[PDB]
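Following: one structure in structure tokens, then a few remarks.
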Amino acid sequence: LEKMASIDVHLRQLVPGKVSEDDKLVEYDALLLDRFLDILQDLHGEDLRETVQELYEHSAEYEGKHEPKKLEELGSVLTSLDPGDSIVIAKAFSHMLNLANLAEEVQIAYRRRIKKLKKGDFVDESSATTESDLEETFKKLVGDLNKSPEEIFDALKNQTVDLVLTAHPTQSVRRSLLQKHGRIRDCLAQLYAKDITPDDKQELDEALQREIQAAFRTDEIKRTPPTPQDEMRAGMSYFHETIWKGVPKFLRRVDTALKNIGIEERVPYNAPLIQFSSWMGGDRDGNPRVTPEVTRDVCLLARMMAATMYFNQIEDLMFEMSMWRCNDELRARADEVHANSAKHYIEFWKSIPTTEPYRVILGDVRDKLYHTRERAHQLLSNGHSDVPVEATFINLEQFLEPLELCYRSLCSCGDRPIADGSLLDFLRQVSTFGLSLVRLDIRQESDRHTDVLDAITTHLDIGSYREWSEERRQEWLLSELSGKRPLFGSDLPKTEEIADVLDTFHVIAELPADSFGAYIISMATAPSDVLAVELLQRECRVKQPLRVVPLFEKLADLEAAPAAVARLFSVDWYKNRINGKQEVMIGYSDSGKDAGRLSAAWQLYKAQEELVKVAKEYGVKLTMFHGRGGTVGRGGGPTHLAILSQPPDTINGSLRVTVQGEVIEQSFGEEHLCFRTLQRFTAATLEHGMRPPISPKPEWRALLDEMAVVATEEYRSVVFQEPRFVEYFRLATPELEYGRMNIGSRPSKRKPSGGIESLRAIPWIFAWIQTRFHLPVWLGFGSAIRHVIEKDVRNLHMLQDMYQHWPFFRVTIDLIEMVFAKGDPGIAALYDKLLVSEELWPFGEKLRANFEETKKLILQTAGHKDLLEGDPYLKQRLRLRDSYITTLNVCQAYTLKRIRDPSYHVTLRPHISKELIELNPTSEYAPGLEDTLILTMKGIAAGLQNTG
Amino acid sequence: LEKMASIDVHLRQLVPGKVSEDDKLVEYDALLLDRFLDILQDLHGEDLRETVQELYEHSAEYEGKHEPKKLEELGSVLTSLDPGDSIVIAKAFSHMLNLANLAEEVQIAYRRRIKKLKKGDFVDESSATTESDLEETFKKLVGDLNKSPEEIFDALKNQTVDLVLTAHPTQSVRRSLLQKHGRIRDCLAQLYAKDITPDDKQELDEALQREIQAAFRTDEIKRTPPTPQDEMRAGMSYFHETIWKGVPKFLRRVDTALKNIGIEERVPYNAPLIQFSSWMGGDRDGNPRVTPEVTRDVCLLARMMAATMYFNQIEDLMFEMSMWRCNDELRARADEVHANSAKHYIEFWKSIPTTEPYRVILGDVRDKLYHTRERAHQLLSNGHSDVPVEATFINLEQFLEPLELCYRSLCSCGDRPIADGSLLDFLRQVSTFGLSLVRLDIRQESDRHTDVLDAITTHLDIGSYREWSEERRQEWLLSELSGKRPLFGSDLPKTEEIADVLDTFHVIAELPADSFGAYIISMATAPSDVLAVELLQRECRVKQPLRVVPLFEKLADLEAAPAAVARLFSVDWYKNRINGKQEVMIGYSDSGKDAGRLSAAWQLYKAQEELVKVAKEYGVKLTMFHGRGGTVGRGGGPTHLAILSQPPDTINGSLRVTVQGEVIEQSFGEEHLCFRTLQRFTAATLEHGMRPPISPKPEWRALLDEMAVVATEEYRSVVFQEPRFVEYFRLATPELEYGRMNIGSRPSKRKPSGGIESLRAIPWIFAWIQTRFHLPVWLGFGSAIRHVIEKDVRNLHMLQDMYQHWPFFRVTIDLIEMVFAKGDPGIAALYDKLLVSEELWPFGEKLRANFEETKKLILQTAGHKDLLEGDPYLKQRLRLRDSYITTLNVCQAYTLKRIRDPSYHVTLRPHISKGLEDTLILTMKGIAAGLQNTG
Ligand SMILES: [Cl-]
Ligand SMILES: [Cl-]
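Which chain is which? The protein sequence lines are B and A, in order.
PDB author numbering puts the first sequence at residues 6 to 346, 351 to 923, 934 to 967.
PDB author numbering puts the second sequence at residues 6 to 346, 351 to 923, 947 to 967.
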């Protein structure tokens, strides 16, 4: 079995050099791959394994020299597979790619930071290898900017970093498989301890193989397209994985860094430097599976998970808190609590003596935590309870008060060190996670609210709120919000949709405010949308109404946004309701779908500038909420510079960002990855408040305005004006298959009969990610740079000045370059040849030329000859993934030709050893061609991760 | 604050060299001491801290040169302390000693093994630094002994090591402090990772200090002398600490070591190589606090703890077990289980689909585990339940069956590797811990059974079972055991004691058999005692009766033991009840109190010889149960050779050993320490089965016979014949204070008006441990070795040959030598000066000379010039503790003079910044914790 000698060779040819001296990535991937291939052989035979390995080697040769002969060879092998073998090959390559991502996480997580590799400017902040840690950022603020430590500490206490978890656009991988990935990562890591004993190393190898096989032998389909509650349970995995333990660890490190510049205090235990919000179960925009009851369910589930974790943690806290000397106040509380009926620690003590007052108070808190979980579970499972609300924690102050009493008391007695142990970690967890871990945002289209108001105004014979001009809408909305009469009752003709909207508001009213974040209006355009939501909130008896957040998606919505926000602040009722705080949401991907990526990036910079102008004019604290697709939505290092790049004063101590589902594993799956994530968010926020990026030279603005015009013209002329483009998009791309299959819970279009305008941005991105073409990300850049270069020979120099000195531009280009690295036009060509009509082939050809031209231009702009010349670590990891992804592409393409064309008979090969073909019985397509397709989609999706 | 610079120096003067190259012990201790003293200064002031540091510095100087002027300085300082400062100093030194123990454990656990330091013979097995690990033991068996790997594996399959956890003779430390010790150990260890980042090292230091203060700032008194359930709760901590996770780890290591000698199989997951038994809540011998309700409570609590640990463990198993391919049998069970009513994993899955059958069956197991804990809890807190016993696991087969089904199924599908992951660990945990973690032994005096039967026979107008000869007792007991008519009813006049015994049997009868181990007859002497327990068990309607274990204590009881056991095997009823398995208990400490330690050691060797002769004659698998005080009861390395030293075939694949309370933290507190404990017990047992120690040369046996005669003559002439001894023992020693104070739950004597015969062995040992004198351990060895040396010039050569070549002798001597290391006659002399009458001073003076002579003779026998010449690591660790313990000694002695004599006014010093009984208790617990185990 000298088979290993082959994969090593291929791997080392894929990543030739070393990206450092602790570069063990090729080693890691070889080890994992060898163990996996042996498992494949032991379960499905020597022939199956030899086939799979020949496929991998061919793919690696392709990602090396990009000879199309290699694609012809891969295809030749893959078409001759009957559905059984096709499923096993696709599954095989999905799992192999997963293992590659695992070795990547280990390598990243243990790479030694090179203090000599820092250049000294902001470019260092674009990679984890040279970015500033917390303390380095403190020293940067103090030295270069001559800020006093007191100013840094004060800035930090009032800072909030709000991470919003959203559902994954495809396979939000099951919590079980995450657990397995963890065990594999740990086995890998421990195998490379430079001090390990032979028997230890043996048992670790056997454990690694054992877990690789375990993960391979779990189905990844069947059952249901998981219900929204299931998707939410899966999203909450990272709290148990890393985040719960990770928050107090990060905060304590902040304490140390503050000590290391002379600050004697710690960050206050109730200060919300970290917050977590969730859309899982709250975003109903174009997702009818998300019902009112779904929202009630995920709210209660969250309250359960939080109470559970607090329950388990408070027992170790009770064991720690064995002191006797205490404050007079706490002694009073102990004697008071000692007057009662001790069920949840009979294994520990028959009862708790008054000589352990801390243990008394804490034991009572433990009792209240148990009753909160039991009552939430009864509310979820029935609808009523019998657990009195007076015996649980209903708001966060009830919970914090006894703990703060213990802390104060301990400090009174000079036991501050004891107080700063498990107790401090507990207080910080209560403050960060509250009673729910996450706060659920609600999201709905503006049109649904307009429908509701129109049904009401029709029911009152006042006219159609829909037909009303925006000024008439505003005037009516204002008179009603200021009025004393309720608006509607049960006697109201409600369509199924209008009933959905109102019932959602009623659910919101019947749940604790600690559970909710923001109500977000998709497709916001005018103040009447926000006012409409505010009115529906009031007239549905939502006692503590949510903050309303407009999501300005389209380009015209962005230009009109600051006018709208000004008009909203200028209204007396709204101005007093917001209490000096406004949060606006921007969607990088939505605006991209509208008007191309370059024009949307620049328009979003300008729109944030104007919104901060309005917020200062009227004295409101503006908070920008960054939706998916952004520069700040990337994974790892790049996030640091992306945040630093935001226009001055757009953050101001409140960062709200979407943690994309395709990135959450790379950012929170591992202990170090999580810590460094929280760190770069906190450090980037803190620094940007005090050290904004340079303001752009006026010529830079004028240039970007012109480029945006040309770029929008090209993007729209292709996507929207070319009549046959929609024909091409349906052939060269599996967009239709994505809409039909059990990959995401959402419909891909808002109106089934519409063109690209009615297509949601996620299937738009996804469709072109699968073919490694990435049109939605780069289309429009080519003609823009081409235009400015021809318009004046010297504009190229200006662009290069921007990339080297203007952060926003550098990060935008950098993102484009990263996406091009995940691109391969040759594969897009394979899809054309197999799936697209002949008279449409030149169309694709022209598109690919644009692809190529743009790439060259981006390179010229970035001053690079190769893609990602400045980040060889990422270039390496990407190349390693690409070798697996390419096979999944070819398999996807031929599987598509096989599905769409039953008149494409192929010379099948004999089946390859023991089955997986009988796990999808009720399939209308072939015995396992639907499953093969789903596998390649989940796989390519996992390999390409994030683009735009 | 350069005060730290002093203590380092003193420490380095205490242990001059390095016992290796990874010897960071002095560094560890210096760090812990510096951090602790800074804490003391921060809580009670610079004056208090400076006082404590002067005390330790002087103590270290004393342990250096042993100048009694150093003791005069210590005393002069400690007497001028009012009770408040006295308490803070005593508490302080107790915790300093604990920190010494913590660093000691870390040093031990991370000491790199030196393979070039092995000499090749059995002496290597007396220290962890050179003992054979599992794999080295295999290669020893295969190469030198020509045992085949098949033979090794079959031997292992059938082997059981049963470790019996007993209540602490003093302070069974609260589970909270065990946890804090864990955090201190972990912080210390990680600070010395040769890869640590500056901020990590900083936060680790702050966590270290924080935890030292946390442990120092908890009271250790008040409330009650904790209830038996409380002491039991504390004893069970080590399952959570290390043992639960640690057992599957060790078993997997066995599997690996087997692969490395060609065995492809794993040790069967249902093989009980490791077992845990408990006395906590079961030993009633001279201990009235242990009632029937206590036994029921610790039983139910135990089943609760186990049910919890299984419950928590099975959720990760459920996440791992996501396969879909399965056996036809398992698939049927999944569809079967899928026909039912899922409340305990709604945070995980709405429900478990039949596409995940393993998860289905396991989820059901999780459910049944939940109902089991809940039912046990309701029985404990109330007395009845409503949780159907059919909805719980009542016996181990119900529990194992679905799990074994999962394993079979996974193997059927070529998923054996997945099966050998979390699932195998789980099976091995069910088999090792069962439904109770531990199996409780019950223990009672034979005399109580005599009382009960005498009330019965008197109630039947047949006469007094007590006045009856032993043969008449036997004959009646046999007639009843072979008979079909019941013995007694509710109409039976029961004294509180007789009602107690019968009620204990009724509770055993009303609880699952899996909860209980062995019924132990203290002061057993004749077959009628065993038979008596058997009958009382039967006529109390105990469905599955316990195995009865006689404890032969006195020397005459040991001589008469094998005759008795032969007589029991010769009776048809007993022969048919035991089913070819017999367990006898021997008490090394018990027999020592009777007749001196040397004679008890030799008598126990010979007695085990005779017991094995008989057990082979009648074809029974004899299991010797080693009570407290043995060589095999030591901590760490020495246990290996002690086990190897037992007479051939006394073990025969079943070792039962007492884990003394004074050793359990050193043996299971840390992950590595626990593994190495389970390992050395498992390896030593396996080897001894196939490689029995040498048989003794007859001149050796004759010499030991003679030495035993002289030794008992001396021990008895001093302890029992000297008329003033009892007066001396009451003054030179805190025995009276121990009996009156809240140190142990047990009364120190069986009959208050008796002499030493009625004094229990534990207070006997403890009393002389407190004064660092240890008379119960070495007294009698002196006159024995002196006698044989004078009788013939060459007998010293014979003794040295025995020490160099007979393991039993080497381990006996070695234990004595270690005890002498923990002795200091000078401190005993201080106690004499303060607390003993003047006309009794030569008496003490004389005994101390005996001490010295005995020590000299022991050294000559072992071929040593200094004590513990062969184990410098232990010599070092002990030397380090001595400096704290000595301060605790001086404090105790002057506190005793102050307590007993209110006519001893002292010039107290002003109280030192932010009630003598509490001080005394502190010093006793402290000296107890520093001396750990002796004899
Ligand atoms: Cl109890
Ligand atoms: Cl649900």
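Where is the CB? At the ideal position from N, CA and C, for every residue including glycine.
Proximity winner among the options, relative to residue i (alpha-carbon distances)
i	options	result
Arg-475 (chain A)	A:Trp-485, A:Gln-483, A:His-468, A:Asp-463	A:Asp-463
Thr-135 (chain B)	B:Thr-223, B:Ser-85, B:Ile-119, B:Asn-404	B:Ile-119
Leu-577 (chain B)	B:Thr-941, B:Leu-486, B:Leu-449	B:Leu-486
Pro-851 (chain B)	B:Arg-755, B:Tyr-737, B:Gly-763, B:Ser-762	B:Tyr-737
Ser-792 (chain B)	B:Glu-731, B:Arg-725, B:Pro-73, B:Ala-692	B:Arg-725
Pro-743 (chain A)	A:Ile-867, A:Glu-949, A:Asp-833	A:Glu-949
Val-593 (chain B)	B:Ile-660, B:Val-82, B:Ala-541	B:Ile-660
Residue i in three-state terms, based on DSSP
i	result
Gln-164 (chain B)	coil
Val-539 (chain A)	helix
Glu-454 (chain B)	strand
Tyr-61 (chain B)	helix
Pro-233 (chain A)	helix
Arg-448 (chain A)	strand
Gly-526 (chain A)	strand
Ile-765 (chain B)	coil
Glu-136 (chain B)	coil
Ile-774 (chain B)	helix
residue 974 (chain A)	Here chain A has residues from 6 to 967 only, and residue 974 (chain A) is not among them.
Cβ-based neighbour list, residue i, same chain, cut-off 7 angstroms, excluding 5 preceding and 5 following
i	result
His-681 (chain B)	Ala-114
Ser-242 (chain B)	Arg-180, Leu-183
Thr-966 (chain B)	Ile-774, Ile-778, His-783, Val-786, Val-828, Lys-831
Beta-carbon proximity list for residue i, same chain, < 8 angstroms, skipping 5 on both sides
i	result
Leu-378 (chain B)	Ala-312, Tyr-315, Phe-316, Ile-319, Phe-402
residue 927 (chain A)	In the structure shown, chain A runs from 923 directly to 947, leaving residue 927 (chain A) without coordinates.
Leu-42 (chain B)	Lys-8, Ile-12, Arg-54, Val-57, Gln-58
Residues near residue i in its chain [Cβ-Cβ closer than 6 angstroms; skip 5 each side]
i	result
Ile-921 (chain B)	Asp-52, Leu-53, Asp-90
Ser-283 (chain A)	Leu-170, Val-447, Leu-449
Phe-408 (chain A)	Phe-402, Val-439
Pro-834 (chain A)	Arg-857, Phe-860
> Is the region 241 to 254 of chain A touching the region 127 to 142 of chain A in the sense that three or more CB pairs, one from each, lie closer than 8 angstroms?
Replying inline: no
>> Beta-carbon distances below 6 angstroms to any heavy atom of ligand 2 define the shell here; list its residues in chain order, please.
In response: B:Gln-234, B:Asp-302, A:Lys-359
>> Counting beta carbon pairs with one atom in the region 624 to 643 of chain B and one in the region 659 to 671 of chain B, are three or more of them shorter than 8 angstroms?
In response: yes
>> Across the region 306 to 316 of chain A and the region 324 to 342 of chain A, are there enough close Cβ pairs to call them in contact, namely three or more that are closer than 8 angstroms?
In response: no
> Do the region 232 to 241 of chain B and the region 935 to 946 of chain B touch if we need at least three Cβ pairs shorter than 8 angstroms?
Replying inline: no
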